[PDB]
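Asker: Quick one: the structure is below, questions incoming.
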Amino acid sequence: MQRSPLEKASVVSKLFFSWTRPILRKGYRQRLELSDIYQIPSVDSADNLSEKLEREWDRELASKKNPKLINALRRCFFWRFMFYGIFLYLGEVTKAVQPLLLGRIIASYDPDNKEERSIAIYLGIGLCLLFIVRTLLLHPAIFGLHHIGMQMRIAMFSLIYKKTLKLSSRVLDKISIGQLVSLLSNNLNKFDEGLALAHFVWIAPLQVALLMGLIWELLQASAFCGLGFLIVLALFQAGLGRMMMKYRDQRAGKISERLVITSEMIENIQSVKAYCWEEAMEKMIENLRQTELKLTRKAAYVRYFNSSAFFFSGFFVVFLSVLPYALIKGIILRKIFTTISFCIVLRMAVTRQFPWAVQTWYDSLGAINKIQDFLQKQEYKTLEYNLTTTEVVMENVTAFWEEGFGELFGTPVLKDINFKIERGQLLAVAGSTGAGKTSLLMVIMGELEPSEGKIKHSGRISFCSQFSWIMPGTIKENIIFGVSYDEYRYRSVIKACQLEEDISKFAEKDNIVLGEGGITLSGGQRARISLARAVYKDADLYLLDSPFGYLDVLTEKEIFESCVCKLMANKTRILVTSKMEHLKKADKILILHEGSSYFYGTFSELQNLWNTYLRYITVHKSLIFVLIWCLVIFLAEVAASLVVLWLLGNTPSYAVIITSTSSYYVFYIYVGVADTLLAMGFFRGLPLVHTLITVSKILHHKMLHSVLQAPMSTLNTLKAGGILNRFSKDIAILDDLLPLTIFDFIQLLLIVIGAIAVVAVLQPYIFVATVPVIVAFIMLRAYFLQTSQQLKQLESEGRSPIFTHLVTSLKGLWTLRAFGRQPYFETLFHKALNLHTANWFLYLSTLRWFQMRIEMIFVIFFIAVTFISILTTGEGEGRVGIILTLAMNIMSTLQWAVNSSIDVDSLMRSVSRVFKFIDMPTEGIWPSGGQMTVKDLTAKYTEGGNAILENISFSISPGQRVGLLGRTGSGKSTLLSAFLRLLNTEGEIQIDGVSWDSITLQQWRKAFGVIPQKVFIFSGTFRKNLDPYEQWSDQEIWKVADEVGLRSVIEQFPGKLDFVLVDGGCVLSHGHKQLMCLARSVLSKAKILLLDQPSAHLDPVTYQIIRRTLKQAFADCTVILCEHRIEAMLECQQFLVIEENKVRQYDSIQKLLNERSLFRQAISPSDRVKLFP
Ligand SMILES: CC(C)(CO)c1cc2cc(NC(=O)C3(c4ccc5c(c4)OC(F)(F)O5)CC3)c(F)cc2n1C[C@@H](O)CO
Ligand SMILES: Nc1ncnc2c1ncn2[C@@H]1O[C@H](COP(=O)(O)OP(=O)(O)OP(=O)(O)O)[C@@H](O)[C@H]1O
Ligand SMILES: Nc1ncnc2c1ncn2[C@@H]1O[C@H](COP(=O)(O)OP(=O)(O)OP(=O)(O)O)[C@@H](O)[C@H]1O
Ligand SMILES: CC(C)CCC[C@@H](C)[C@H]1CC[C@H]2[C@@H]3CC=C4C[C@@H](O)CC[C@]4(C)[C@H]3CC[C@]12C
Ligand SMILES: CC(C)CCC[C@@H](C)[C@H]1CC[C@H]2[C@@H]3CC=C4C[C@@H](O)CC[C@]4(C)[C@H]3CC[C@]12C
Ligand SMILES: CCCCCCCCCCCCCCCCC
Ligand SMILES: CCCCCCCCCCCCCC
Ligand SMILES: CCCCCCCCCCCC
Ligand SMILES: CCCCCCCCCCCC
Ligand SMILES: CCCCCCCCCCCC
Ligand SMILES: CCCCCCCCCCCC
Ligand SMILES: CCCCCCCCC
Ligand SMILES: CCCCCCCCC
Ligand SMILES: [Mg+2]
Ligand SMILES: [Mg+2]
């Protein structure tokens, strides 16, 4: 890409932000292509900012007694912050002194006022220079604040990731994905824009002091009667701001809880559809949203009064200040308007700048102190040797997962374990399910500090987890995992893993871009890729945690005797296996049972013993009625104001002194108080803010409902972080920023329209005088938005790489520390930050260019108007200036209205992106016998893609158990998924004589009982996981738990049937998750059931449970059992062998094994003698 134009630009061009001109010119005619996005400035790269803040934070920890993160920021961002502060203050001083010139010029129109007319010509030049100075002094400061804020946010986001990669093992159970995502999203765009307002904490007191002294000149001692009203208002306003944060802190927990469950269900949406749980998930989320929206409304009601305090202050501040002065001595309209022209600034300084500054300081310091807490949590210690005899030895090791139980010294996970392997002994770990084998490996890696005993080994280690983890990218990226690509070693590993036959089927033959979690791949393909990654890296110790889970006996034997016993014969390798043949070739065998070492020794001695605003308003029927209500009342107030002005001019000592020629001040006075006469009270504001929030409820409900029913092919294209972005950030915008910003835009629009209308009816030339300015505003806005809309979308979509990477890293954290590849993912995360920074910085600069031009055009028109006004005043009664200057006083408010319109349209991008999900396509006693017939079935995942199954035809009888076998990656799960119709299919499969299309899709799916390959467990109670619909009493739940053997594991935890699972059920072992899904299927009594790999890792002793419950509980229902272990084939009668995208049925097992010699020769002897008598 091109270098940033900021590097080499003119100083005059940099001041005016003219370097953003090319992209606006390019972005008006056609769409913005990738070749246009400029590179980030070198002083903005995440690496330099991370290095800087890390160094200061390291020094801060090493020096002070009490470290504070805010202190570390104060040394690397303060000087530029203050340097821009003095320029921002000088911009505000220029604004509070304007009435000394504008009011002195307006008074010159009257012939009776000789004094201020003699010098009016000099004041025109002075006022002209005053406007020009302010334009070059106020905007470049704000952009500097935005630039500093972007640097701070990037530099803090880096340290968040630097700490995340090093978090201790036991703190992960308390820090869920939703906590980080909420932490990032809340500050993702608020922190940068916040710094533009942070300076008014110390600017506003100076503005109040200066203005009060300047008003003291006019109203000698009565000005303080008007100030006391603002002081009471400020105290009341600060009280509401304090109250708002109470409602916002109570909400943080329940929104983080939602963001966890939302991500859990949607990354496993395949299983949710199979279970027909759409309604259950929607109700669960809506119960969480109810309390969240309740707190949002109670916050929004308070924030409305916090916002509207400015508009309902105009008439009162003016009235309460001039009344004690007018009562004692006569007041001239000349001083009434000049007092108004000071209050218009004093009100905004103390009601709209100061409280916003204080609130921003509240928020930013709260976020910094929360990240300071994050940076000081318990950290993974790595105190271990780096050189030794390479002899892995352990002795007297015990461990507890729960910190409190180990602090007291609740069965310990391990007790008194010891072993020793010198330089290549294959130590086969075995035992029953849940006895603890994964924990033994985590103790070795240092993921679980043993309270007692010692463990010694070499530094280099490799790890193949019992649960596969596939990072995004090609197969090659997963295998090498961030090192140099060696051709010879790469081919040898793939050949050893026998991935050649399976990778050859892919279109690109090596490079298929895998989604997060490897959903594109089969169960066994992910397992072998995880194995290949471990094999590729050279290490002293290899921890192979049961890679032979989803593989058939043929591939298991080949991969074991070609990759484990042949490729790495001279490397120590701990292997977790249950097959007896693997213990034969092991030099050491460690049998574990309930954490105790049952046996240790050699096997020999073992044997010896634009249509978006319209649709956003139409989505709710009450919103249009409230808007009409706000318009009807507006017309009444305009009509009342119009007749009041008309009846004062027709009328004729008195307290207020006016002359015939000075009467024109009445209209100038009105413009300064029109904001209060047209202000929306609590009878119009609260209904609008209330109704704008219920729209967000309906939009969220519709969006989640539409997503849950989308076809699977559309769901596989979208990334996990794109979904997480649109649920966290987008919905937060629709609740927090959209309602009140729309209210401000509508309020300002009403004020401008009413002020123009009533003035135009009375003096029908001010409307003509303002048309050339309004048209210029609308024309410039329509030109800028053609590029701002596209820039906003590019930045909005640029947030997804950050969330995908964070989810991927946190899910795979156990593999990262085993390999030691933290720096590789640190620089990869910095690429995502720089990618987001480029679009955000570019958008933020083009917006600043518009803000400068929208003010410059007003300045140009005003300077033009003052000279014609000054020059036209002849021998008294300067009518031309009376009409023109009034026309330009209203545009000082329309400029604010235009800026608010830009903010509304920028935020309306969120609405459109949520609507984009609603439009997604929708894929849309009888089962007495269970007899089904398949005719000419064809299956293919993507439309127009490769046909995984072609013209399949077979039939099964009622009450018949059918086996479904075949080599890994042949199509077994595809065939079982074709029954439920998750992927696009052709043909027909009738049950009991009714066709597919004769019955609705959801009624069809409900006939089946499914056990998916990827066990799904969401955060919640045990009884909620076993039946979300709550249609079973606890008596039946226990009666099933006893039959499936979940008794002992459930009662261990403190809350029996009440324990809240976390991290997708990390507390349970893998074998307990299989039993959990088994109980879930048993409870849902279905006349037909599809079992895809029930006994994934269950040892033969645990398999007795599987065969018992399938024999007893599933008495007469037809079973389609997909299994890999040969012992399971005894039960099923018919066998469906899948190969070459085709299916062929056999009635006897002896014919099946006679056909395939190589299949038969691999069978373990205990199962070979079982099948062959
Ligand atoms: C001079 C003195 C009165 C006493 O030494 C002082 C200076 C000072 C500066 C900062 N913050 C900053 O210079 C930066 C900043 C951080 C966070 C931001 C942000 C700006 O503005 C926001 F509101 F957006 O949050 C630019 C980095 C601060 F926080 C507290 C400070 N104190 C009080 C002292 O007691 C602190 O120890
Ligand atoms: N993170 C954890 N926190 C607390 N308890 C846990 C955790 N992981 C497992 N356990 C519990 O500790 C015991 C053993 O843990 P587990 O990982 O270690 O067995 P395993 O070796 O994976 O079993 P299997 O052979 O069935 O896969 C079980 O009772 C299990 O429920
Ligand atoms: N969503 C998908 N899009 C494209 N191809 C897919 C998709 N899901 C799976 N495949 C491919 O289809 C083939 C078979 O899928 P898969 O269910 O069928 O294997 P399997 O035999 O069920 O696995 P295992 O024996 O490990 O349980 C594989 O080549 C796999 O990569
Ligand atoms: C903190 C800083 C900004 C405070 C500034 C206070 C200034 C604006 C105040 C302080 C004293 C004030 C002056 C006090 C006395 C007089 C004499 C009177 O016949 C005209 C107004 C005039 C000339 C005042 C103008 C405003 C004034 C100069
Ligand atoms: C600058 C001088 C002249 C005027 C006084 C400035 C005001 C705005 C200052 C003085 C004390 C400040 C508060 C001191 C302590 C805290 C707690 C922190 O967790 C959030 C910010 C907060 C709440 C500060 C907000 C701003 C504050 C109220
Ligand atoms: C908070 C607003 C207070 C408004 C009332 C101001 C005080 C009363 C003003 C009139 C005082 C008249 C005094 C006449 C004295 C004759 C010797
Ligand atoms: C919104 C309040 C409007 C008040 C209008 C008062 C009108 C008074 C008319 C007096 C007419 C006198 C004719 C001699
Ligand atoms: C830097 C701030 C200077 C403020 C000077 C204010 C002067 C107000 C006019 C006093 C004489 C009428
Ligand atoms: C930056 C401050 C500028 C103040 C200008 C005040 C000019 C007052 C002139 C009065 C002449 C009668
Ligand atoms: C008698 C002549 C008075 C001239 C007043 C000039 C005021 C200049 C103000 C400049 C502000 C930047
Ligand atoms: C004088 C420097 C600018 C004003 C900054 C005041 C902020 C005080 C915050 C105190 C936090 C403990
Ligand atoms: C905070 C307001 C200060 C006003 C000072 C007025 C001094 C007049 C001599
Ligand atoms: C910008 C054009 C203003 C024209 C004003 C005409 C006033 C006639 C009395
Ligand atoms: Mg395990
Ligand atoms: Mg499968």
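Heads up, chain A uses Swiss-Prot numbers, so what you see runs 1-409, 437-636, 846-888, 902-1173, 1203-1451.
If you check the header, you will see the structure was determined by electron microscopy, 3.8 Å.
Placement of Cβ uses the backbone N, Cα and C atoms for every residue, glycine included.
OK, Swiss-Prot features for this one:
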TOPO_DOM  1-77  topological domain 'Cytoplasmic'
TRANSMEM  78-98  transmembrane segment
DOMAIN    81-365  domain 'ABC transmembrane type-1 1'
TOPO_DOM  99-122  topological domain 'Extracellular'
TRANSMEM  123-146  transmembrane segment
TOPO_DOM  147-195  topological domain 'Cytoplasmic'
TRANSMEM  196-216  transmembrane segment
TOPO_DOM  217-222  topological domain 'Extracellular'
TRANSMEM  223-243  transmembrane segment
TOPO_DOM  244-298  topological domain 'Cytoplasmic'
TRANSMEM  299-319  transmembrane segment
TOPO_DOM  320-339  topological domain 'Extracellular'
TRANSMEM  340-358  transmembrane segment
LIPID     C524  S-palmitoyl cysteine
MOD_RES   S549  phosphoserine
TRANSMEM  859-879  transmembrane segment
TRANSMEM  919-939  transmembrane segment
TOPO_DOM  940-990  topological domain 'Cytoplasmic'
TRANSMEM  991-1011  transmembrane segment
TRANSMEM  1014-1034  transmembrane segment
TOPO_DOM  1035-1095  topological domain 'Cytoplasmic'
TRANSMEM  1096-1116  transmembrane segment
TOPO_DOM  1117-1130  topological domain 'Extracellular'
TRANSMEM  1131-1151  transmembrane segment
BINDING   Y1219, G1244, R1245, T1246, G1247, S1248, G1249, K1250, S1251  ATP 2 binding site
LIPID     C1395  S-palmitoyl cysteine
MOD_RES   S1444  phosphoserine
Asker: Would you work out the biggest C-alpha to C-alpha distance among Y1219, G1244, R1245, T1246, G1247, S1248, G1249, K1250, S1251, the residues that bind ATP 2 according to the record, and give it in angstrom as a whole number?
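Answerer: In whole numbers, the farthest two Cα atoms are 20 Å apart.
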Asker: Taking DSSP states H, G and I as helix and E and B as strand, how many residues of the topological domain 'Extracellular' (217-222) are helix, strand and coil?
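Answerer: Helix/strand/coil tally for the topological domain 'Extracellular' (217-222): 0 helix, 0 strand, 6 coil.
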Asker: Between the Cα atoms of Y1219 (ATP 2 binding site) and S1444 (phosphoserine), find the distance and write it as a whole number of Å.
Answerer: 39
Asker: Rank the recorded positions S549, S1251, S1444 by the number of other Cβ atoms within 10 Å of each Cβ, and give the residue at the low end.
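Answerer: Counting other Cβ atoms within 10 Å of each of the recorded positions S549, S1251, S1444, the minimum falls on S1444.
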Asker: If you run through the topological domain 'Cytoplasmic' (1-77) with DSSP, how many residues end up as helix, strand and coil?
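Answerer: Once the DSSP states are binned, the topological domain 'Cytoplasmic' (1-77) shows 48 helix, 0 strand, 29 coil.
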Asker: Taking the transmembrane segment (1014-1034) as the reference, which of 196-216, 299-319, 919-939, 1131-1151 gives the largest number of Cβ pairs under 8 angstroms?
Answerer: 1131-1151
Asker: For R1245 (ATP 2 binding site), write down the residues of its own chain that are at least 6 apart in sequence and whose Cβ falls under 8 Å from its Cβ; none is a fine answer.
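Answerer: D579, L581, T582, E1417 - these are the non-local Cβ neighbours of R1245 (ATP 2 binding site), listed in sequence order.
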Asker: Give me the long-range Cβ neighbours of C524 (S-palmitoyl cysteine): same chain, 6+ apart, Cβ under 8 Å, in sequence order.
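Answerer: Set apart from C524 (S-palmitoyl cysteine) by at least 6 residues yet with Cβ under 8 Å, we have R555, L558, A559, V562, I586, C590.
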Asker: Between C1395 (S-palmitoyl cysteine) and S1251 (ATP 2 binding site), what C-alpha distance do you get in Å?
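Answerer: Rounded to the nearest whole number, the Cα-Cα distance is 20 Å.
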Asker: Using a Cβ cut-off under 8 Å and a sequence separation of 6 or more, which residues in the same chain sit near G1249 (ATP 2 binding site)?
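Answerer: Same-chain residues close to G1249 (ATP 2 binding site) (Cβ under 8 Å, separated by 6 or more) are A1217, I1226, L1227, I1416, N1419.
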Asker: Please state whether DSSP places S1444 (phosphoserine) in a helix, a strand or coil.
Answerer: helix
Asker: Those recorded positions, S549, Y1219, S1251: which ones have a Cβ sitting under 6 Å from ligand 15?
Answerer: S549, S1251
Asker: May I ask for the residues of the chain that lie six or more residues beyond the transmembrane segment (223-243) and have a Cβ under 8 Å from a Cβ within it?
Answerer: 212, 215-216, 302-303, 305-306, 309, 313, 316-318, 320-324, 343, 346-347, 350-351, 354-355, 358-359, 362
Asker: Would you mind listing the long-range same-chain contacts of the transmembrane segment (196-216), meaning Cβ under 8 Å and 6+ residues beyond its ends?
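Answerer: For the transmembrane segment (196-216), the nonlocal Cβ contacts are 84-85, 88-89, 92-93, 96-97, 100, 142, 145-146, 149, 223-224, 226-227, 321, 339, 342, 345-346, 349-350, 353-354, 356-358, 360-361, 364.
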Asker: If you count every Cβ pair below 8 Å, which range out of 78-98, 340-358, 859-879, 919-939, 991-1011 shares the most with the transmembrane segment (299-319)?
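Answerer: By Cβ pairs under 8 Å, 919-939 leads among 78-98, 340-358, 859-879, 919-939, 991-1011.
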Asker: Find the Cα-to-Cα distance between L636 and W846 in angstrom, rounding to a whole number; note that the 209 residues connecting them are absent from the deposited model.
Answerer: 83
Asker: Restricting to the same chain and to residues at least six past its boundaries, which positions have a Cβ under 8 Å from a Cβ of the topological domain 'Extracellular' (99-122)?
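Answerer: Here the qualifying positions are 130, 214, 334, 337-338, 341-342, 345, 908, 910-911, 913, 917, 1115, 1118-1119, 1122, 1124-1127, 1130-1131, 1134.
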Asker: If you draw a 10 Å sphere on the Cβ of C1395 (S-palmitoyl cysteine), how many other Cβ atoms land inside?
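Answerer: There are 17 of them.
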Asker: Which of the three DSSP states, helix, strand or coil, fits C524 (S-palmitoyl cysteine)?
Answerer: helix
